[PDB]
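File shown: upload-v4.cif. Contents: mmCIF, C-alpha atoms and all ligand atoms.
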```cif
data_protein
#
loop_
_atom_site.label_atom_id
_atom_site.label_comp_id
_atom_site.auth_asym_id
_atom_site.auth_seq_id
_atom_site.Cartn_x
_atom_site.Cartn_y
_atom_site.Cartn_z
CA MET A 1 -5.86 6.66 27.11
CA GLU A 2 -5.57 6.38 30.87
CA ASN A 3 -5.77 2.55 30.52
CA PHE A 4 -2.48 2.62 28.57
CA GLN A 5 1.18 2.92 29.46
CA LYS A 6 3.14 4.11 26.43
CA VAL A 7 6.12 1.85 25.96
CA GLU A 8 7.87 3.58 23.06
CA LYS A 9 7.24 5.92 20.12
CA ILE A 10 7.15 3.59 17.13
CA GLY A 11 6.40 6.05 14.31
CA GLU A 12 4.76 9.23 12.95
CA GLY A 13 2.19 10.22 10.27
CA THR A 14 0.03 13.06 9.02
CA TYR A 15 -3.10 11.77 10.74
CA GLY A 16 -1.16 11.55 14.03
CA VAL A 17 1.51 9.76 16.14
CA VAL A 18 1.86 5.96 16.90
CA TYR A 19 3.06 4.45 20.16
CA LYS A 20 3.73 0.92 21.39
CA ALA A 21 1.61 0.60 24.47
CA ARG A 22 0.70 -1.82 27.22
CA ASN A 23 -2.90 -2.17 28.29
CA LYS A 24 -3.07 -1.62 32.11
CA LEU A 25 -6.06 -4.02 32.10
CA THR A 26 -5.46 -6.86 29.54
CA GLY A 27 -1.67 -6.70 29.47
CA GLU A 28 -1.96 -6.77 25.62
CA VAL A 29 0.69 -4.99 23.57
CA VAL A 30 -1.02 -2.73 21.10
CA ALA A 31 -0.23 0.11 18.75
CA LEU A 32 -1.83 3.40 19.79
CA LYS A 33 -2.50 6.07 17.15
CA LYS A 34 -3.24 9.51 18.61
CA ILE A 35 -5.20 11.48 16.01
CA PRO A 45 -15.15 15.33 13.90
CA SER A 46 -18.36 13.21 13.49
CA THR A 47 -18.69 11.15 10.28
CA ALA A 48 -15.05 10.19 10.90
CA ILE A 49 -16.40 8.19 13.89
CA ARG A 50 -19.09 6.30 11.92
CA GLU A 51 -16.47 5.69 9.19
CA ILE A 52 -13.85 4.55 11.70
CA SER A 53 -16.23 2.42 13.75
CA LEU A 54 -17.36 0.60 10.55
CA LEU A 55 -13.71 -0.40 9.74
CA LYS A 56 -13.66 -2.02 13.13
CA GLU A 57 -15.92 -4.60 11.48
CA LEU A 58 -13.53 -5.14 8.64
CA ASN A 59 -11.59 -8.08 9.91
CA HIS A 60 -9.25 -10.25 7.85
CA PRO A 61 -5.99 -12.10 8.62
CA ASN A 62 -4.25 -9.69 6.25
CA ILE A 63 -5.54 -6.39 7.70
CA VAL A 64 -3.90 -5.01 10.84
CA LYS A 65 -6.84 -5.43 13.29
CA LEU A 66 -8.39 -2.26 14.74
CA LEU A 67 -8.93 -3.47 18.34
CA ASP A 68 -10.75 -0.35 19.61
CA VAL A 69 -11.46 3.34 18.94
CA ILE A 70 -11.44 5.71 21.95
CA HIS A 71 -13.23 9.07 21.81
CA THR A 72 -12.32 11.60 24.55
CA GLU A 73 -11.33 15.29 25.02
CA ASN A 74 -11.96 15.85 21.26
CA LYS A 75 -8.92 13.57 20.75
CA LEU A 76 -9.29 10.18 19.05
CA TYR A 77 -7.18 7.05 19.67
CA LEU A 78 -7.16 3.85 17.69
CA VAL A 79 -5.70 0.85 19.44
CA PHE A 80 -4.52 -1.62 16.76
CA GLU A 81 -2.98 -5.10 17.02
CA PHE A 82 0.76 -4.71 17.13
CA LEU A 83 3.22 -6.18 14.62
CA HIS A 84 6.93 -5.65 15.19
CA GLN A 85 8.23 -4.75 11.74
CA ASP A 86 7.08 -3.00 8.55
CA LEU A 87 8.06 -3.79 4.96
CA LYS A 88 10.27 -0.71 4.40
CA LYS A 89 12.48 -1.54 7.36
CA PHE A 90 12.72 -5.24 6.20
CA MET A 91 13.58 -4.02 2.71
CA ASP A 92 16.40 -1.75 3.89
CA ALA A 93 17.54 -4.62 6.12
CA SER A 94 17.81 -7.03 3.13
CA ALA A 95 19.35 -4.61 0.60
CA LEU A 96 22.49 -6.60 -0.21
CA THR A 97 20.81 -9.97 -0.84
CA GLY A 98 17.19 -8.90 -1.55
CA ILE A 99 14.05 -10.65 -0.29
CA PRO A 100 14.07 -14.21 -1.71
CA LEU A 101 11.53 -14.65 -4.45
CA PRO A 102 9.33 -17.32 -2.80
CA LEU A 103 9.02 -14.75 -0.01
CA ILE A 104 8.25 -11.87 -2.34
CA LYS A 105 5.55 -13.99 -4.03
CA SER A 106 4.03 -14.99 -0.62
CA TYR A 107 3.96 -11.41 0.61
CA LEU A 108 2.26 -10.39 -2.65
CA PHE A 109 -0.29 -13.21 -2.50
CA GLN A 110 -1.41 -12.32 1.06
CA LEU A 111 -1.54 -8.56 0.34
CA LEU A 112 -3.73 -9.25 -2.65
CA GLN A 113 -5.90 -11.55 -0.44
CA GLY A 114 -6.26 -8.61 1.96
CA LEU A 115 -7.17 -6.26 -0.84
CA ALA A 116 -9.46 -8.84 -2.46
CA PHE A 117 -11.44 -8.67 0.90
CA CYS A 118 -11.68 -4.85 1.36
CA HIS A 119 -12.39 -4.28 -2.28
CA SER A 120 -15.47 -6.60 -2.03
CA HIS A 121 -16.86 -4.23 0.52
CA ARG A 122 -15.91 -1.32 -1.74
CA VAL A 123 -13.47 -0.22 0.95
CA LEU A 124 -10.20 1.00 -0.38
CA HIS A 125 -6.84 1.77 1.28
CA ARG A 126 -5.89 4.79 -0.94
CA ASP A 127 -2.33 5.08 0.41
CA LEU A 128 -0.44 1.85 0.33
CA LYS A 129 3.31 2.12 0.75
CA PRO A 130 5.85 -0.23 2.37
CA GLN A 131 5.69 1.65 5.65
CA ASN A 132 1.96 0.60 5.93
CA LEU A 133 2.56 -3.12 5.47
CA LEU A 134 3.34 -4.90 8.72
CA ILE A 135 5.04 -8.29 9.00
CA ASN A 136 5.56 -10.97 11.73
CA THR A 137 8.08 -13.84 12.15
CA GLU A 138 5.36 -16.26 11.08
CA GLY A 139 5.74 -14.98 7.54
CA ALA A 140 2.42 -13.08 7.55
CA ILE A 141 2.01 -9.54 6.16
CA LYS A 142 -0.92 -7.19 6.85
CA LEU A 143 -2.18 -3.82 5.59
CA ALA A 144 -2.19 -0.99 8.15
CA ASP A 145 -4.06 2.35 7.82
CA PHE A 146 -6.79 0.86 5.64
CA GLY A 147 -9.93 3.06 5.34
CA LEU A 148 -8.44 5.86 7.49
CA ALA A 149 -8.30 7.91 4.20
CA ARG A 150 -12.08 7.99 3.39
CA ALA A 151 -12.56 9.23 6.91
CA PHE A 152 -10.90 12.55 7.71
CA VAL A 163 6.56 15.06 3.32
CA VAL A 164 4.09 12.25 2.37
CA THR A 165 5.43 10.45 -0.72
CA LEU A 166 3.72 10.15 -4.05
CA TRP A 167 5.90 7.22 -5.01
CA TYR A 168 2.98 4.80 -5.06
CA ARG A 169 0.28 7.17 -6.27
CA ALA A 170 -1.76 5.89 -9.24
CA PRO A 171 -1.75 8.12 -12.31
CA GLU A 172 -5.52 8.71 -12.24
CA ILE A 173 -5.13 10.35 -8.82
CA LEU A 174 -2.05 12.28 -10.06
CA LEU A 175 -4.16 13.52 -12.99
CA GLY A 176 -7.07 14.81 -10.94
CA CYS A 177 -9.65 12.03 -10.97
CA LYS A 178 -12.02 12.90 -8.10
CA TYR A 179 -13.85 9.62 -8.04
CA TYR A 180 -11.17 6.99 -8.32
CA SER A 181 -11.54 3.30 -7.66
CA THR A 182 -10.08 0.27 -6.00
CA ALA A 183 -7.62 0.09 -8.92
CA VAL A 184 -5.45 2.60 -7.15
CA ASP A 185 -4.49 0.01 -4.52
CA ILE A 186 -3.53 -2.44 -7.31
CA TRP A 187 -1.32 0.26 -8.86
CA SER A 188 0.39 0.81 -5.48
CA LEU A 189 0.85 -2.87 -4.84
CA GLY A 190 2.44 -3.23 -8.30
CA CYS A 191 4.98 -0.45 -7.43
CA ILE A 192 5.89 -2.15 -4.15
CA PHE A 193 6.19 -5.53 -5.92
CA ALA A 194 8.62 -4.04 -8.48
CA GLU A 195 10.58 -2.56 -5.52
CA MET A 196 10.75 -5.84 -3.63
CA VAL A 197 12.26 -7.55 -6.70
CA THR A 198 14.66 -4.79 -7.83
CA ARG A 199 15.60 -3.26 -4.47
CA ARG A 200 14.92 0.29 -5.78
CA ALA A 201 11.69 2.28 -5.75
CA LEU A 202 10.08 2.04 -9.18
CA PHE A 203 8.90 5.70 -9.51
CA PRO A 204 10.49 7.85 -6.82
CA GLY A 205 8.87 11.23 -7.61
CA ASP A 206 9.86 14.26 -5.53
CA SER A 207 6.81 16.32 -6.63
CA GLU A 208 3.58 15.64 -8.48
CA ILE A 209 4.73 16.28 -12.01
CA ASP A 210 8.06 14.48 -11.51
CA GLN A 211 6.06 11.51 -10.18
CA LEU A 212 3.77 11.45 -13.31
CA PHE A 213 6.71 12.24 -15.64
CA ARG A 214 8.63 9.30 -14.13
CA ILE A 215 5.65 7.03 -14.76
CA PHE A 216 5.49 8.33 -18.35
CA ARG A 217 9.22 7.83 -19.00
CA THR A 218 8.96 4.07 -18.20
CA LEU A 219 5.53 3.09 -19.48
CA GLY A 220 5.00 5.76 -22.13
CA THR A 221 2.97 8.97 -21.99
CA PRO A 222 -0.64 7.75 -21.91
CA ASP A 223 -2.81 8.75 -24.87
CA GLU A 224 -6.28 7.91 -25.94
CA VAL A 225 -5.39 4.54 -27.50
CA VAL A 226 -4.07 3.03 -24.23
CA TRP A 227 -6.36 5.12 -21.97
CA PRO A 228 -9.75 6.35 -23.30
CA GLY A 229 -10.56 9.64 -21.65
CA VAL A 230 -7.03 10.42 -20.51
CA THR A 231 -7.05 13.73 -22.45
CA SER A 232 -10.26 14.99 -20.86
CA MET A 233 -9.05 14.59 -17.20
CA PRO A 234 -8.56 17.88 -15.15
CA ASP A 235 -4.81 18.01 -14.86
CA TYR A 236 -4.07 16.44 -18.22
CA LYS A 237 -2.14 18.97 -20.42
CA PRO A 238 -1.72 18.33 -24.19
CA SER A 239 1.76 19.76 -23.65
CA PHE A 240 3.00 16.77 -21.50
CA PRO A 241 6.17 15.51 -23.25
CA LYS A 242 5.80 12.29 -25.24
CA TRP A 243 7.96 9.35 -24.23
CA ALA A 244 8.10 5.94 -25.77
CA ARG A 245 7.22 3.04 -23.56
CA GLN A 246 10.12 0.81 -22.30
CA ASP A 247 10.34 -3.03 -21.83
CA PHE A 248 9.74 -4.57 -18.39
CA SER A 249 12.74 -6.74 -19.13
CA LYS A 250 14.65 -3.53 -18.37
CA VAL A 251 12.40 -2.40 -15.48
CA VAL A 252 12.42 -5.42 -13.21
CA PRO A 253 15.18 -7.80 -14.04
CA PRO A 254 15.39 -10.61 -13.32
CA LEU A 255 11.70 -11.10 -12.46
CA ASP A 256 10.27 -13.97 -14.56
CA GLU A 257 7.67 -13.75 -17.35
CA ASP A 258 4.78 -14.67 -15.09
CA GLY A 259 5.91 -11.88 -12.77
CA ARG A 260 6.43 -9.35 -15.53
CA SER A 261 3.04 -10.32 -16.96
CA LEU A 262 1.34 -9.80 -13.57
CA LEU A 263 3.26 -6.61 -12.81
CA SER A 264 2.35 -5.37 -16.23
CA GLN A 265 -1.35 -5.88 -15.66
CA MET A 266 -1.17 -4.13 -12.26
CA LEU A 267 0.53 -1.06 -13.77
CA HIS A 268 -2.09 -0.70 -16.53
CA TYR A 269 -2.91 2.98 -17.21
CA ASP A 270 -6.63 2.37 -17.73
CA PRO A 271 -8.11 1.81 -14.28
CA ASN A 272 -10.78 -0.34 -15.92
CA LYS A 273 -8.23 -2.57 -17.65
CA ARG A 274 -6.00 -2.81 -14.55
CA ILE A 275 -6.10 -6.29 -12.95
CA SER A 276 -8.31 -6.65 -9.95
CA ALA A 277 -6.95 -8.31 -6.79
CA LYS A 278 -9.43 -11.22 -7.17
CA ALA A 279 -8.13 -11.83 -10.75
CA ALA A 280 -4.42 -11.52 -9.93
CA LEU A 281 -4.97 -14.20 -7.40
CA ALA A 282 -5.68 -16.64 -10.28
CA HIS A 283 -2.53 -15.69 -12.25
CA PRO A 284 0.07 -18.40 -13.04
CA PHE A 285 2.69 -16.48 -10.99
CA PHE A 286 1.01 -17.75 -7.79
CA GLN A 287 0.84 -21.32 -9.18
CA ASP A 288 3.71 -22.45 -6.94
CA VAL A 289 3.07 -20.02 -4.08
CA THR A 290 4.23 -21.16 -0.63
CA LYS A 291 4.50 -19.57 2.83
CA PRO A 292 8.14 -19.20 3.86
CA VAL A 293 9.10 -17.35 7.05
CA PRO A 294 11.27 -14.21 7.04
CA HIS A 295 14.71 -13.66 8.59
CA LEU A 296 13.70 -10.64 10.72
CA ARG A 297 15.78 -9.45 13.77
CA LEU A 298 12.89 -7.26 15.07
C1 LIG A 301 -0.92 -0.23 13.98
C2 LIG A 301 0.36 0.30 13.40
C3 LIG A 301 0.33 1.28 12.47
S1 LIG A 301 1.62 1.70 11.52
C4 LIG A 301 0.71 2.82 10.70
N1 LIG A 301 1.17 3.55 9.76
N2 LIG A 301 -0.55 2.87 11.13
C5 LIG A 301 -0.81 2.00 12.12
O1 LIG A 301 -1.90 1.89 12.66
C6 LIG A 301 1.65 -0.36 13.72
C7 LIG A 301 1.85 -1.45 14.57
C8 LIG A 301 3.22 -1.70 14.61
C9 LIG A 301 3.84 -0.77 13.78
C10 LIG A 301 5.30 -0.64 13.51
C11 LIG A 301 5.73 0.32 12.60
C12 LIG A 301 7.08 0.48 12.33
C13 LIG A 301 8.01 -0.32 12.98
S2 LIG A 301 9.73 -0.09 12.66
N3 LIG A 301 9.98 -0.10 11.08
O2 LIG A 301 10.47 -1.16 13.27
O3 LIG A 301 10.15 1.16 13.22
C14 LIG A 301 7.59 -1.27 13.91
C15 LIG A 301 6.23 -1.43 14.17
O4 LIG A 301 2.87 0.06 13.28
#
```

Can you give me the file's structure in the form of structure tokens?
Ligand SMILES: C/C(=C1/SC(=N)NC1=O)c1ccc(-c2ccc(S(N)(=O)=O)cc2)o1
Amino acid sequence: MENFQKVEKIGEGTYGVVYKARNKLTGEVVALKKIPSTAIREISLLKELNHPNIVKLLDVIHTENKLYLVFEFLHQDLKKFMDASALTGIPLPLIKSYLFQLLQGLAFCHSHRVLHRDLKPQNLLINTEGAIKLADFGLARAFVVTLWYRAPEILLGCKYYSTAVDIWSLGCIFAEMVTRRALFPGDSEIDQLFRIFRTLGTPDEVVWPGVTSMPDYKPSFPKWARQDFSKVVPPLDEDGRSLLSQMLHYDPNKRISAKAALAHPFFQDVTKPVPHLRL
């Protein structure tokens, strides 16, 4: 860490704290995260996971039984941009571009069976070029935090969940980009699940085989009718509703995979517009 001058505290987490920082040697501006043993082999292997849509891990520094991950630095995150554009809302060609690239990113990690596990708008970093990247990828396998984006399999006690959880999270963020409100803003675990249920219907065994046998499934969960996406994300168009729908599927094995969403007719006219930032 002695090769770094900390320019500014740019955030906070549960793993540790993040600082903008200038490399005494290279001059590079980087983001420094200040955070045992198989954490190192798991972190060092993500260093080999490079993609235009993943915030690049530049270096991992092990000293004093403290760990530091120097990442490439992007100036803004999605949550900040979203609060910034609350009165007009992100234009749809820009939402669609953001979504396309994010799914490209996830298409890549998911190939390697790496998953993010904790996507939320504060982990998605954007630049004035109109690019958007995933930050904190793979940090979870190693090693108030919101549940807003948590897939219901995780909420219901699945130990061994899959890449589909990232597709669930992405769907929630996509709904939020379009509507300008979080889709399922739970304040605790059961309110989170019960919010999911109120919109998309309590899952049963017809929509989700095996739902009733999961650890934290109770037969006594209330039973809500499903609602129409025409009421959930107006005025997103039918391609968008169709896509969103497939990304919020209860059955993790029926949920659309990133690779497959990429071929959806929603992205048929996808472009690459540049944001109006002020970062
Ligand atoms: C690299 C990195 C992060 S963020 C995170 N949760 N984990 C990281 O590694 C990073 C780089 C730049 C930023 C970042 C984050 C937030 C902001 S904000 N919304 O302007 O305060 C500006 C920049 O985070």

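With atom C9 of ligand LIG 301 (chain A) on one side and CA of residue 88 (chain A) on the other, the separation reads 11.4 Å.
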
Next item on the list: Please identify the residues whose atoms come within 10 Å of ligand LIG 301 (chain A), using all atoms listed in the file, and report them as a ChimeraX atom specification.
Entry: /A:9-20,29-34,63-67,78-92,128-136,142-146,148,297-298

Next item on the list: Counting all atoms listed in the file, figure out which residue out of A:121, A:150, A:214, A:268 gets nearest to residue 188 (chain A).
Entry: A:268

Margin query: Between CA of residue 263 (chain A) and CA of residue 232 (chain A), what is the distance in Å, rounded to a tenth?
Written below: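 So the answer is 26.7 Å.
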
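The two atoms in question, CA of residue 270 (chain A) and CA of residue 226 (chain A), are spaced 7.0 Å apart.
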
Excluding residue 105 (chain A) and its own-chain neighbours fewer than 4 positions away, which residues fall within 10 Å of it when counting all atoms listed in the file? Please give them as a PDB file with C-alpha atoms, in the frame of the given file.
```
ATOM      1  CA  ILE A  99      14.050 -10.650  -0.290  1.00  0.00           C
ATOM      2  CA  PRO A 100      14.070 -14.210  -1.710  1.00  0.00           C
ATOM      3  CA  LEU A 101      11.530 -14.650  -4.450  1.00  0.00           C
ATOM      4  CA  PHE A 109      -0.290 -13.210  -2.500  1.00  0.00           C
ATOM      5  CA  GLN A 110      -1.410 -12.320   1.060  1.00  0.00           C
ATOM      6  CA  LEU A 111      -1.540  -8.560   0.340  1.00  0.00           C
ATOM      7  CA  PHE A 193       6.190  -5.530  -5.920  1.00  0.00           C
ATOM      8  CA  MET A 196      10.750  -5.840  -3.630  1.00  0.00           C
ATOM      9  CA  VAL A 197      12.260  -7.550  -6.700  1.00  0.00           C
ATOM     10  CA  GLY A 259       5.910 -11.880 -12.770  1.00  0.00           C
ATOM     11  CA  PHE A 285       2.690 -16.480 -10.990  1.00  0.00           C
ATOM     12  CA  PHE A 286       1.010 -17.750  -7.790  1.00  0.00           C
ATOM     13  CA  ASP A 288       3.710 -22.450  -6.940  1.00  0.00           C
ATOM     14  CA  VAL A 289       3.070 -20.020  -4.080  1.00  0.00           C
ATOM     15  CA  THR A 290       4.230 -21.160  -0.630  1.00  0.00           C
ATOM     16  CA  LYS A 291       4.500 -19.570   2.830  1.00  0.00           C
ATOM     17  CA  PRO A 292       8.140 -19.200   3.860  1.00  0.00           C
TER      18      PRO A 292
END
```

Note to self: Let me make sure I understand: among A:1, A:118, A:95, A:186, which one has the smallest atom-to-atom distance to residue 22 (chain A) if we use only C-alpha atoms?
What the structure shows: A:1

Margin query: Using only C-alpha atoms for the distances, tell me which of A:261, A:267, A:252, A:194 is nearest to residue 220 (chain A).
Written below: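 Closest candidate: A:267.
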
Check: Could you pull the residues within 8 Å of residue 112 (chain A), counting all atoms listed in the file, minus those fewer than 6 positions along the same chain, as a list in words?
Finding: residues 277, 278, 280 and 281 of chain A

Just the selected residues (C-alpha atoms), exported as an mmCIF file, in the frame of the given file, please.
```cif
data_model
loop_
_atom_site.group_PDB
_atom_site.id
_atom_site.type_symbol
_atom_site.label_atom_id
_atom_site.label_comp_id
_atom_site.auth_asym_id
_atom_site.auth_seq_id
_atom_site.Cartn_x
_atom_site.Cartn_y
_atom_site.Cartn_z
ATOM 1 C CA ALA A 277 -6.950 -8.310 -6.790
ATOM 2 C CA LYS A 278 -9.430 -11.220 -7.170
ATOM 3 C CA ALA A 280 -4.420 -11.520 -9.930
ATOM 4 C CA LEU A 281 -4.970 -14.200 -7.400
#
```

Margin query: With distances taken over all atoms listed in the file, which residue among A:233, A:108, A:175, A:76 lies nearest residue 140 (chain A)?
Written below: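 The answer is A:108, which sits nearest to residue 140 (chain A).
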
For region 73-95 of chain A, supply N, CA, C and O atoms and format the output as a tab-separated table (two decimals), in the frame of the given file.
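That gives us part.tsv:
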```tsv
chain	number	residue	atom	x	y	z
A	73	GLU	N	-12.03	13.99	25.07
A	73	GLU	CA	-11.33	15.29	25.02
A	73	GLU	C	-11.23	15.92	23.63
A	73	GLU	O	-10.32	16.75	23.40
A	74	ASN	N	-12.11	15.53	22.70
A	74	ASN	CA	-11.96	15.85	21.26
A	74	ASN	C	-10.59	15.38	20.69
A	74	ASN	O	-10.00	16.01	19.77
A	75	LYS	N	-10.06	14.31	21.29
A	75	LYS	CA	-8.92	13.57	20.75
A	75	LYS	C	-9.43	12.17	20.45
A	75	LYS	O	-10.35	11.69	21.12
A	76	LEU	N	-8.86	11.53	19.44
A	76	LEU	CA	-9.29	10.18	19.05
A	76	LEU	C	-8.08	9.27	19.17
A	76	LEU	O	-6.96	9.75	19.00
A	77	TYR	N	-8.28	8.00	19.50
A	77	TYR	CA	-7.18	7.05	19.67
A	77	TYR	C	-7.66	5.77	19.10
A	77	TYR	O	-8.78	5.36	19.41
A	78	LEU	N	-6.82	5.14	18.30
A	78	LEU	CA	-7.16	3.85	17.69
A	78	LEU	C	-6.11	2.90	18.18
A	78	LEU	O	-4.92	3.11	17.95
A	79	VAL	N	-6.57	1.91	18.93
A	79	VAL	CA	-5.70	0.85	19.44
A	79	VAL	C	-5.76	-0.26	18.39
A	79	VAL	O	-6.83	-0.82	18.19
A	80	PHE	N	-4.63	-0.52	17.70
A	80	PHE	CA	-4.52	-1.62	16.76
A	80	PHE	C	-3.74	-2.80	17.33
A	80	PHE	O	-2.98	-2.63	18.28
A	81	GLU	N	-3.88	-3.99	16.74
A	81	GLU	CA	-2.98	-5.10	17.02
A	81	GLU	C	-1.60	-4.67	16.60
A	81	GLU	O	-1.44	-3.90	15.66
A	82	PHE	N	-0.60	-5.15	17.31
A	82	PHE	CA	0.76	-4.71	17.13
A	82	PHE	C	1.58	-5.80	16.39
A	82	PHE	O	1.58	-6.99	16.76
A	83	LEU	N	2.22	-5.38	15.30
A	83	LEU	CA	3.22	-6.18	14.62
A	83	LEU	C	4.53	-5.43	14.71
A	83	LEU	O	4.53	-4.18	14.68
A	84	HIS	N	5.64	-6.18	14.73
A	84	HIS	CA	6.93	-5.65	15.19
A	84	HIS	C	7.69	-4.94	14.11
A	84	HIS	O	8.46	-4.03	14.40
A	85	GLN	N	7.47	-5.32	12.85
A	85	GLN	CA	8.23	-4.75	11.74
A	85	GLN	C	7.31	-4.27	10.64
A	85	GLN	O	6.21	-4.78	10.51
A	86	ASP	N	7.77	-3.33	9.81
A	86	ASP	CA	7.08	-3.00	8.55
A	86	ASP	C	7.92	-3.42	7.36
A	86	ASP	O	9.08	-3.80	7.52
A	87	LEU	N	7.35	-3.33	6.16
A	87	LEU	CA	8.06	-3.79	4.96
A	87	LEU	C	9.26	-2.95	4.55
A	87	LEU	O	10.20	-3.49	4.00
A	88	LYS	N	9.22	-1.64	4.81
A	88	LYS	CA	10.27	-0.71	4.40
A	88	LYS	C	11.54	-1.00	5.15
A	88	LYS	O	12.59	-1.15	4.55
A	89	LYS	N	11.43	-1.08	6.46
A	89	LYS	CA	12.48	-1.54	7.36
A	89	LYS	C	13.08	-2.90	6.97
A	89	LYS	O	14.30	-3.01	6.92
A	90	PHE	N	12.25	-3.91	6.69
A	90	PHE	CA	12.72	-5.24	6.20
A	90	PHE	C	13.48	-5.15	4.86
A	90	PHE	O	14.43	-5.91	4.57
A	91	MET	N	13.01	-4.24	4.01
A	91	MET	CA	13.58	-4.02	2.71
A	91	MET	C	14.96	-3.37	2.81
A	91	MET	O	15.85	-3.69	2.03
A	92	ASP	N	15.13	-2.45	3.75
A	92	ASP	CA	16.40	-1.75	3.89
A	92	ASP	C	17.41	-2.69	4.54
A	92	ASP	O	18.61	-2.69	4.18
A	93	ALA	N	16.89	-3.46	5.50
A	93	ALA	CA	17.54	-4.62	6.12
A	93	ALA	C	18.12	-5.66	5.15
A	93	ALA	O	19.18	-6.20	5.40
A	94	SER	N	17.40	-5.96	4.05
A	94	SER	CA	17.81	-7.03	3.13
A	94	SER	C	18.30	-6.52	1.77
A	94	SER	O	18.12	-7.17	0.75
A	95	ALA	N	18.95	-5.35	1.79
A	95	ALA	CA	19.35	-4.61	0.60
A	95	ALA	C	20.49	-5.25	-0.21
A	95	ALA	O	20.65	-4.96	-1.41
```
